[PDB]
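What follows is the content of protein28.csv, which has CSV, C-alpha atoms:
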```csv
chain,number,residue,atom,x,y,z
G,1,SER,CA,-21.6,-15.3,78.0
G,2,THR,CA,-19.4,-17.3,75.7
G,3,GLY,CA,-18.8,-20.9,74.7
G,4,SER,CA,-15.9,-22.7,73.1
G,5,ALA,CA,-15.9,-26.4,72.0
G,6,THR,CA,-13.4,-28.5,70.0
G,7,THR,CA,-14.7,-30.1,66.8
G,8,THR,CA,-13.0,-33.3,65.5
G,9,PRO,CA,-13.0,-35.0,62.1
G,10,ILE,CA,-15.0,-38.2,62.1
G,11,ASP,CA,-12.4,-40.0,59.9
G,12,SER,CA,-9.1,-39.6,58.1
G,13,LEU,CA,-10.8,-37.7,55.2
G,14,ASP,CA,-12.6,-35.0,57.2
G,15,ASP,CA,-15.9,-36.3,55.9
G,16,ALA,CA,-17.6,-34.5,58.8
G,17,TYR,CA,-16.8,-33.0,62.2
G,18,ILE,CA,-18.3,-33.8,65.6
G,19,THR,CA,-18.6,-31.6,68.6
G,20,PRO,CA,-19.5,-32.8,72.1
G,21,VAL,CA,-22.8,-31.4,73.4
G,22,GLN,CA,-24.3,-31.7,76.9
G,23,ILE,CA,-28.0,-32.4,76.9
G,24,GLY,CA,-30.2,-32.8,80.0
G,25,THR,CA,-29.7,-33.2,83.8
G,26,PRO,CA,-27.5,-35.0,84.6
G,27,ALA,CA,-25.7,-34.2,81.4
G,28,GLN,CA,-25.8,-36.7,78.6
G,29,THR,CA,-23.0,-36.0,76.2
G,30,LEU,CA,-23.6,-36.6,72.5
G,31,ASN,CA,-21.3,-35.9,69.6
G,32,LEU,CA,-23.2,-33.7,67.1
G,33,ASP,CA,-22.5,-32.5,63.6
G,34,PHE,CA,-22.8,-28.7,63.7
G,35,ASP,CA,-24.5,-27.8,60.5
G,36,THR,CA,-24.7,-24.2,59.3
G,37,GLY,CA,-26.9,-25.5,56.4
G,38,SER,CA,-29.8,-26.6,58.5
G,39,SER,CA,-31.8,-25.5,61.6
G,40,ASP,CA,-32.8,-28.6,63.6
G,41,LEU,CA,-31.1,-29.9,66.7
G,42,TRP,CA,-31.9,-33.6,66.5
G,43,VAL,CA,-30.5,-36.7,68.2
G,44,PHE,CA,-30.5,-40.4,68.2
G,45,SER,CA,-32.6,-41.3,71.2
G,46,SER,CA,-34.2,-44.0,73.3
G,47,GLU,CA,-37.2,-43.5,70.9
G,48,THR,CA,-35.2,-44.3,67.8
G,49,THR,CA,-36.2,-47.6,66.1
G,50,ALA,CA,-33.8,-50.1,67.5
G,51,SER,CA,-32.9,-51.6,64.1
G,52,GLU,CA,-31.8,-48.1,63.0
G,53,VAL,CA,-29.3,-47.6,65.9
G,54,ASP,CA,-25.8,-49.0,65.3
G,55,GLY,CA,-23.2,-47.7,67.8
G,56,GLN,CA,-24.5,-44.1,68.3
G,57,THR,CA,-24.9,-42.6,71.7
G,58,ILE,CA,-28.5,-41.9,72.5
G,59,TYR,CA,-30.4,-39.3,74.4
G,60,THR,CA,-32.8,-40.7,76.9
G,61,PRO,CA,-35.2,-38.0,77.9
G,62,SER,CA,-36.8,-40.1,80.7
G,63,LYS,CA,-33.4,-39.9,82.5
G,64,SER,CA,-33.2,-36.1,82.4
G,65,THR,CA,-34.9,-34.2,85.2
G,66,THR,CA,-35.1,-31.1,83.0
G,67,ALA,CA,-36.6,-32.8,79.9
G,68,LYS,CA,-40.2,-31.9,79.0
G,69,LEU,CA,-42.2,-33.3,76.1
G,70,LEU,CA,-43.1,-30.5,73.7
G,71,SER,CA,-46.7,-31.8,73.4
G,72,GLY,CA,-47.9,-32.3,69.9
G,73,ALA,CA,-44.7,-31.3,68.2
G,74,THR,CA,-43.2,-33.4,65.4
G,75,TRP,CA,-40.3,-32.9,63.0
G,76,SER,CA,-39.2,-34.3,59.7
G,77,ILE,CA,-36.2,-33.3,57.7
G,78,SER,CA,-34.6,-34.4,54.4
G,79,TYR,CA,-31.0,-33.3,53.5
G,80,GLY,CA,-29.4,-32.6,50.2
G,81,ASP,CA,-27.7,-36.0,50.1
G,82,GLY,CA,-31.1,-37.8,50.3
G,83,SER,CA,-30.8,-38.7,54.0
G,84,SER,CA,-33.6,-38.0,56.4
G,85,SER,CA,-34.9,-38.3,60.0
G,86,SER,CA,-38.1,-37.6,61.9
G,87,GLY,CA,-39.6,-37.8,65.4
G,88,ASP,CA,-41.0,-35.9,68.3
G,89,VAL,CA,-39.6,-33.0,70.4
G,90,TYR,CA,-38.6,-32.4,74.0
G,91,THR,CA,-37.3,-29.2,75.6
G,92,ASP,CA,-34.2,-29.5,77.7
G,93,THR,CA,-31.0,-27.8,78.9
G,94,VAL,CA,-28.3,-27.9,76.2
G,95,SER,CA,-24.7,-26.8,76.7
G,96,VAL,CA,-21.9,-26.3,74.2
G,97,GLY,CA,-18.4,-25.6,75.4
G,98,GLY,CA,-19.7,-24.0,78.6
G,99,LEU,CA,-22.5,-22.0,77.1
G,100,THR,CA,-25.9,-23.1,78.4
G,101,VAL,CA,-29.4,-22.7,76.8
G,102,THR,CA,-32.4,-23.7,78.9
G,103,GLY,CA,-35.6,-24.7,77.1
G,104,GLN,CA,-33.8,-25.7,73.9
G,105,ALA,CA,-35.9,-27.8,71.5
G,106,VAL,CA,-34.2,-31.2,71.3
G,107,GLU,CA,-35.7,-33.2,68.4
G,108,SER,CA,-35.7,-36.9,69.3
G,109,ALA,CA,-35.5,-39.2,66.3
G,110,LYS,CA,-38.0,-42.0,66.0
G,111,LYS,CA,-36.7,-42.8,62.5
G,112,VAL,CA,-33.4,-42.2,60.7
G,113,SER,CA,-32.3,-43.1,57.2
G,114,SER,CA,-29.7,-45.7,56.5
G,115,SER,CA,-26.8,-43.3,56.1
G,116,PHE,CA,-27.3,-42.0,59.6
G,117,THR,CA,-27.5,-45.5,61.0
G,118,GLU,CA,-24.3,-46.5,59.1
G,119,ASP,CA,-22.3,-43.6,60.6
G,120,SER,CA,-21.7,-44.7,64.2
G,121,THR,CA,-19.7,-41.5,64.9
G,122,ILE,CA,-22.5,-38.9,64.5
G,123,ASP,CA,-25.1,-38.9,67.3
G,124,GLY,CA,-27.2,-36.2,65.7
G,125,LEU,CA,-27.1,-32.7,64.2
G,126,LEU,CA,-27.0,-29.2,65.7
G,127,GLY,CA,-28.4,-26.8,63.1
G,128,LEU,CA,-26.9,-23.3,62.9
G,129,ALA,CA,-28.7,-21.9,59.8
G,130,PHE,CA,-31.6,-19.5,60.3
G,131,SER,CA,-34.5,-20.6,62.5
G,132,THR,CA,-36.9,-20.0,59.6
G,133,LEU,CA,-35.7,-23.4,58.2
G,134,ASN,CA,-36.6,-25.3,61.5
G,135,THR,CA,-38.9,-28.2,60.7
G,136,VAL,CA,-40.8,-28.5,64.0
G,137,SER,CA,-44.6,-28.4,63.5
G,138,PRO,CA,-47.0,-26.9,64.4
G,139,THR,CA,-44.8,-24.5,66.4
G,140,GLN,CA,-41.5,-23.8,64.7
G,141,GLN,CA,-38.5,-23.8,67.1
G,142,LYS,CA,-35.3,-21.8,67.4
G,143,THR,CA,-31.8,-22.9,66.9
G,144,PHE,CA,-29.3,-23.2,69.7
G,145,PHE,CA,-27.6,-20.0,68.5
G,146,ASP,CA,-30.8,-18.1,68.2
G,147,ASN,CA,-31.7,-19.0,71.8
G,148,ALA,CA,-28.3,-18.1,73.1
G,149,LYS,CA,-27.8,-14.9,71.0
G,150,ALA,CA,-29.2,-12.4,73.5
G,151,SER,CA,-27.0,-13.7,76.3
G,152,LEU,CA,-23.8,-13.8,74.2
G,153,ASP,CA,-21.1,-11.1,74.7
G,154,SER,CA,-21.4,-10.6,70.9
G,155,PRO,CA,-24.1,-12.1,68.6
G,156,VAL,CA,-21.7,-14.3,66.7
G,157,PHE,CA,-20.3,-17.8,66.4
G,158,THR,CA,-17.1,-18.8,64.6
G,159,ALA,CA,-16.1,-22.0,62.7
G,160,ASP,CA,-12.4,-22.9,62.7
G,161,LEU,CA,-12.3,-26.3,61.1
G,162,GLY,CA,-9.1,-28.3,60.9
G,163,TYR,CA,-7.5,-30.1,58.0
G,164,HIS,CA,-7.0,-33.7,59.2
G,165,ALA,CA,-7.0,-32.2,62.7
G,166,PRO,CA,-9.4,-30.8,65.3
G,167,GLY,CA,-10.6,-27.3,65.3
G,168,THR,CA,-13.0,-25.0,67.2
G,169,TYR,CA,-16.5,-23.6,67.4
G,170,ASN,CA,-16.7,-20.5,69.5
G,171,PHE,CA,-19.9,-18.7,70.5
G,172,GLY,CA,-20.1,-15.1,71.5
G,173,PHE,CA,-16.6,-13.9,70.8
G,174,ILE,CA,-13.9,-13.7,68.1
G,175,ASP,CA,-10.6,-15.3,69.0
G,176,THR,CA,-8.1,-12.8,67.5
G,177,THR,CA,-5.3,-15.3,68.0
G,178,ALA,CA,-7.0,-17.9,65.7
G,179,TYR,CA,-6.4,-16.2,62.3
G,180,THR,CA,-3.8,-14.2,60.4
G,181,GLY,CA,-4.3,-10.8,58.8
G,182,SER,CA,-7.8,-9.2,59.0
G,183,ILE,CA,-11.3,-10.6,58.7
G,184,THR,CA,-13.1,-9.6,55.5
G,185,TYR,CA,-16.9,-9.3,56.0
G,186,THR,CA,-19.4,-9.8,53.2
G,187,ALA,CA,-23.1,-9.4,52.9
G,188,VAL,CA,-25.6,-12.3,53.7
G,189,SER,CA,-29.0,-12.9,52.3
G,190,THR,CA,-31.3,-14.8,54.7
G,191,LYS,CA,-34.1,-15.2,52.1
G,192,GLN,CA,-33.5,-18.9,51.7
G,193,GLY,CA,-32.7,-19.4,55.4
G,194,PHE,CA,-29.0,-20.0,54.7
G,195,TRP,CA,-25.8,-18.1,55.3
G,196,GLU,CA,-25.9,-17.2,51.7
G,197,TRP,CA,-23.3,-14.8,50.3
G,198,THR,CA,-21.5,-13.9,47.0
G,199,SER,CA,-17.9,-14.8,46.3
G,200,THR,CA,-16.1,-12.4,44.1
G,201,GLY,CA,-14.3,-15.0,42.0
G,202,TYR,CA,-11.7,-17.7,41.9
G,203,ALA,CA,-8.2,-18.8,40.7
G,204,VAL,CA,-6.8,-22.3,40.0
G,205,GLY,CA,-3.3,-22.9,41.3
G,206,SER,CA,-1.0,-20.0,40.3
G,207,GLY,CA,-3.4,-18.9,37.6
G,208,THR,CA,-4.9,-15.4,37.3
G,209,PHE,CA,-7.9,-14.5,39.4
G,210,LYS,CA,-11.2,-14.6,37.5
G,211,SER,CA,-13.6,-11.9,38.8
G,212,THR,CA,-17.1,-13.3,38.7
G,213,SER,CA,-19.9,-13.4,41.2
G,214,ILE,CA,-20.6,-16.8,42.7
G,215,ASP,CA,-23.7,-17.0,45.0
G,216,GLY,CA,-23.5,-19.8,47.5
G,217,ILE,CA,-23.9,-20.9,51.1
G,218,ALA,CA,-21.4,-21.4,53.9
G,219,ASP,CA,-22.3,-24.9,55.0
G,220,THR,CA,-20.3,-26.7,57.7
G,221,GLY,CA,-22.6,-29.7,57.2
G,222,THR,CA,-21.5,-30.4,53.6
G,223,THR,CA,-18.2,-32.1,53.1
G,224,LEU,CA,-17.1,-30.8,49.7
G,225,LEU,CA,-17.0,-27.5,47.7
G,226,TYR,CA,-19.8,-27.4,45.1
G,227,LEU,CA,-19.5,-24.8,42.4
G,228,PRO,CA,-20.7,-24.0,38.9
G,229,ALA,CA,-19.7,-26.5,36.2
G,230,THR,CA,-17.6,-23.9,34.4
G,231,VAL,CA,-15.5,-23.3,37.5
G,232,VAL,CA,-15.1,-26.9,38.3
G,233,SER,CA,-14.2,-27.8,34.8
G,234,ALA,CA,-11.5,-25.1,34.8
G,235,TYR,CA,-10.1,-26.6,38.0
G,236,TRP,CA,-9.9,-30.2,37.0
G,237,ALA,CA,-8.6,-29.3,33.5
G,238,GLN,CA,-5.3,-28.6,35.4
G,239,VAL,CA,-5.0,-32.2,36.7
G,240,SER,CA,-3.7,-34.7,34.2
G,241,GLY,CA,-6.1,-37.6,33.9
G,242,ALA,CA,-9.0,-36.0,35.8
G,243,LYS,CA,-12.4,-36.6,34.5
G,244,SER,CA,-16.1,-36.5,35.5
G,245,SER,CA,-17.4,-40.0,36.1
G,246,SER,CA,-21.1,-40.6,35.9
G,247,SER,CA,-20.7,-44.0,37.4
G,248,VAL,CA,-18.8,-42.7,40.4
G,249,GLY,CA,-20.8,-39.5,40.7
G,250,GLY,CA,-18.4,-36.7,40.1
G,251,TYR,CA,-14.8,-35.8,39.2
G,252,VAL,CA,-12.1,-38.3,39.9
G,253,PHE,CA,-8.4,-38.0,39.4
G,254,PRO,CA,-5.3,-40.2,39.4
G,255,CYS,CA,-4.3,-40.8,43.0
G,256,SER,CA,-0.7,-40.2,41.8
G,257,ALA,CA,-1.5,-36.6,41.0
G,258,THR,CA,-0.4,-33.5,43.0
G,259,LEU,CA,-3.5,-31.2,43.1
G,260,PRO,CA,-3.3,-27.4,42.5
G,261,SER,CA,-4.7,-25.1,45.0
G,262,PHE,CA,-8.0,-23.3,44.6
G,263,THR,CA,-8.6,-19.7,45.6
G,264,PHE,CA,-11.9,-18.0,46.2
G,265,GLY,CA,-12.7,-14.3,46.6
G,266,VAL,CA,-14.2,-12.7,49.6
G,267,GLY,CA,-14.6,-9.1,48.6
G,268,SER,CA,-11.1,-7.9,47.7
G,269,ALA,CA,-9.6,-10.6,49.9
G,270,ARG,CA,-8.6,-14.2,48.9
G,271,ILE,CA,-8.8,-17.5,50.6
G,272,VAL,CA,-6.5,-20.2,49.4
G,273,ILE,CA,-7.5,-23.9,49.6
G,274,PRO,CA,-4.3,-26.0,49.4
G,275,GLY,CA,-4.4,-28.8,46.8
G,276,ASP,CA,-4.1,-31.5,49.5
G,277,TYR,CA,-7.5,-30.3,50.9
G,278,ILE,CA,-9.1,-31.3,47.6
G,279,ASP,CA,-8.0,-35.0,47.8
G,280,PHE,CA,-10.8,-37.3,49.2
G,281,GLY,CA,-8.8,-40.5,48.5
G,282,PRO,CA,-9.5,-43.7,46.6
G,283,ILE,CA,-13.1,-44.1,45.3
G,284,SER,CA,-13.0,-47.6,46.8
G,285,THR,CA,-10.4,-49.3,48.9
G,286,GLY,CA,-7.3,-49.9,47.0
G,287,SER,CA,-8.3,-48.0,43.9
G,288,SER,CA,-5.9,-45.7,42.1
G,289,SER,CA,-8.8,-43.4,41.2
G,290,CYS,CA,-9.3,-40.7,43.8
G,291,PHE,CA,-12.4,-38.6,44.5
G,292,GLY,CA,-12.2,-34.8,44.1
G,293,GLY,CA,-13.1,-32.3,46.7
G,294,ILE,CA,-14.4,-29.7,44.3
G,295,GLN,CA,-17.5,-30.9,42.5
G,296,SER,CA,-20.2,-29.4,40.3
G,297,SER,CA,-23.3,-27.9,41.9
G,298,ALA,CA,-25.2,-28.2,38.6
G,299,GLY,CA,-27.5,-30.9,40.0
G,300,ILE,CA,-28.1,-29.2,43.4
G,301,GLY,CA,-29.6,-25.8,42.6
G,302,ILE,CA,-27.2,-23.9,44.9
G,303,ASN,CA,-23.5,-23.5,45.2
G,304,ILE,CA,-22.1,-24.8,48.5
G,305,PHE,CA,-19.0,-23.6,50.3
G,306,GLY,CA,-18.7,-26.8,52.4
G,307,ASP,CA,-15.9,-28.0,54.7
G,308,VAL,CA,-13.3,-28.1,51.9
G,309,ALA,CA,-13.6,-24.4,51.6
G,310,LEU,CA,-14.4,-23.4,55.1
G,311,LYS,CA,-11.5,-25.3,56.7
G,312,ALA,CA,-9.1,-23.1,54.8
G,313,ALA,CA,-10.4,-20.1,56.7
G,314,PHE,CA,-11.5,-18.7,60.1
G,315,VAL,CA,-15.2,-18.0,59.5
G,316,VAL,CA,-17.4,-15.6,61.4
G,317,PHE,CA,-21.1,-16.2,61.4
G,318,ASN,CA,-22.3,-12.7,62.5
G,319,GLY,CA,-25.9,-12.9,63.7
G,320,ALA,CA,-26.3,-9.2,64.3
G,321,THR,CA,-29.6,-7.6,63.2
G,322,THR,CA,-28.2,-7.5,59.7
G,323,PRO,CA,-26.2,-10.8,59.5
G,324,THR,CA,-22.9,-10.9,57.7
G,325,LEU,CA,-20.1,-13.5,57.1
G,326,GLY,CA,-16.4,-12.9,57.8
G,327,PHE,CA,-13.5,-14.8,56.4
G,328,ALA,CA,-9.8,-14.7,57.4
G,329,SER,CA,-6.8,-16.7,56.4
G,330,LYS,CA,-5.2,-18.7,59.2
```

Would you mind writing the file out in structure tokens?
Amino acid sequence: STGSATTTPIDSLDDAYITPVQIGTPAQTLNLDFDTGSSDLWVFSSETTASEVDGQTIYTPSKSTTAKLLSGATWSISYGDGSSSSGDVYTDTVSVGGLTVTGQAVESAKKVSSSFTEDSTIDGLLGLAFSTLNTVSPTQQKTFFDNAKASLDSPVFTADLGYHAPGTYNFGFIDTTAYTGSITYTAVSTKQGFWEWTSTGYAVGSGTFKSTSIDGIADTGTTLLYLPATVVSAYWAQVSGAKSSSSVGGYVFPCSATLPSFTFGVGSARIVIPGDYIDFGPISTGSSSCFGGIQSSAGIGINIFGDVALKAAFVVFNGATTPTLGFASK
């Protein structure tokens, strides 16, 4: 089997991407944030505290003839931005882009933190990291991809995120028309449960490539590119007036600037992030200070190849017995 679904930016900055997902019988379609940095499929629901729902579409398990309470199971997750959610668990039929999994754990939120409530465009998350990170207790549950894997034509999914435009998540096949040149594959460590890999270096604009190993994760659920402070300083030093602002929470730059590109290495290959992808717009409405799309990872504990980096590439998440990642230009 295969599946193919379009993923759409939630706003004009590509702060996140939503993909329609069919849950239950008859189908209830929710727009979920596909997140290769986590491993829970959770949704706003009829069980979510009413004061914490503000415009999201909810899953109502009582209206699904295929929903079954997973008795005793609870979940609770905290994300790297400080947001969180928790609740109980049903199993139900879940379809993405024509690919159907029966018995998928659908984690129904009883509580969500304010940032979820405040984002009316995201109805939940669909985790695509390794199932060892799934938070369901006492019986850990499998991701959608893990459940689908054996049925897929090939044990892979691909992320093709757009810049200020829709893109595609494919399951079970590699669309050879969606990228240019060849796909360069690189080793993955699953030891932390992430799609963790080692970039071979970077360049700023037209500058020379610096060969240096940068361990990090391919994370569709993180907006920006978070890299070591040395690398980030070298980038922003090329932008007149750019500075790190403690009050804003990262590097800012004059909105009048033209940003240089940023290149990262994948083995001997190179992925170029155009400068425009690094512009996240005014820090507040009407400001002439703009927020940078490349930020330091120094406070995180891990480097994160988020959407800023991934949307410059066609990315293969290869879930073969030994997982690997593939990157192609496009």

Practice problem: Write out as a ChimeraX atom specification the residues lying within 12 Å of residue 67 in chain G, counting all atoms listed in the file and excluding same-chain residues fewer than 2 positions away. | Solution: /G:23-28,59-65,69-70,89-94,102-108

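Nearest to residue 191 in chain G of all the residues G:131, G:151, G:141, G:246 is G:131, counting all atoms listed in the file.
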
Quiz item: Taking only C-alpha atoms into account, which of G:239, G:300, G:283, G:266 comes nearest residue 197 in chain G?
Solution: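 Using only C-alpha atoms, the shortest distance to residue 197 in chain G belongs to G:266.
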
Quiz item: Which residue, G:224, G:232, G:178, G:204, has the smallest gap to residue 308 in chain G when you use all atoms listed in the file?
Solution: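 Once distances to residue 308 in chain G are computed over all atoms listed in the file, the minimum belongs to G:224.
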
Quiz item: What separation in Å, quoted to one decimal, exists between CA of residue 143 in chain G and CA of residue 157 in chain G?
Solution: 12.6 Å

Mind dumping a table of every range 103-132 of chain G residue within 12 Å of range 46-56 of chain G, with the nearest atom pair and its distance in Å to one decimal, using all atoms listed in the file, sorted by chain and rising number, as a Markdown table?
```
| residue | atom | partner | partner_atom | distance |
| --- | --- | --- | --- | --- |
| G:107 | CA | G:47 | CA | 10.7 |
| G:108 | CA | G:47 | CA | 7.0 |
| G:109 | CA | G:48 | CA | 5.3 |
| G:110 | CA | G:48 | CA | 4.0 |
| G:111 | CA | G:48 | CA | 5.7 |
| G:112 | CA | G:52 | CA | 6.5 |
| G:113 | CA | G:52 | CA | 7.7 |
| G:114 | CA | G:52 | CA | 7.2 |
| G:115 | CA | G:52 | CA | 9.8 |
| G:116 | CA | G:52 | CA | 8.3 |
| G:117 | CA | G:52 | CA | 5.4 |
| G:118 | CA | G:54 | CA | 6.9 |
| G:119 | CA | G:54 | CA | 8.0 |
| G:120 | CA | G:55 | CA | 4.9 |
| G:121 | CA | G:56 | CA | 6.4 |
| G:122 | CA | G:56 | CA | 6.7 |
| G:123 | CA | G:56 | CA | 5.3 |
| G:124 | CA | G:56 | CA | 8.7 |
```

Quiz item: If you measure from CA of residue 259 in chain G to CA of residue 198 in chain G, what distance in Å do you get, rounded to one decimal?
Solution: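 That distance, rounded to one decimal, is 25.3 Å.
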
Exercise. One decimal, Å: what's the distance from CA of residue 282 in chain G over to CA of residue 240 in chain G, could you say?
Key: 16.4 Å
